[PDB]
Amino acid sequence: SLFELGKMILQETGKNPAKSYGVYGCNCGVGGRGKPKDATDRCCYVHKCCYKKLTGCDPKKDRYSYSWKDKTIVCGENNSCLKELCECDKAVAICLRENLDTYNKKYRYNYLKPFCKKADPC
């Protein structure tokens, strides 16, 4: 759910997940996908494409188990879909951390998302 996703992003990046990524660029947070603004935005693009493959669980609402071991996200137990979901969320948390170097505040709070160029197919 939004909670596990946000907590993962926080644990990896050290940044409040909702503030930095809740409405970032053309792909992060609210909305669907769009032409990525930067590398951070591309993380979210990939993430949303990851969500499309899921069958049997709801990435927005369903809760799942993971833990923090040796400063690493470790997906737990779960079933087929929740495991895949957990790994989706882990991957975007890692990707966002990896691209902190080019994170740009000017892409925060983008309620102009409807002006984004249409995203390519996943």
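Between two forms, the rigid core is defined as the largest C-alpha subset superposing within 1.5 Å. The numbering used is simple: start at 1 and walk along the sequence shown.
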| item | value |
| --- | --- |
| 66-74 against 79-87 - segment lying farther from this form in 6 other deposited structures of this protein (CA RMS, rigid core fit) | 66-74 |
| RMS Cα shift after core superposition in 6 other deposited structures of this protein, winner of 20-28 and 105-113 | 105-113 |
| Stretch with the greater mean C-alpha B-factor as recorded in the entry, comparing 34-42 against 74-82 | 74-82 |
| Of 50-58 and 84-92, the one with larger mean CA B-factor | 50-58 |
| CA B-factor ranking of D101, expressed as a third of its chain | highest |
| For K113, the third of its chain into which the C-alpha B factor falls | middle |
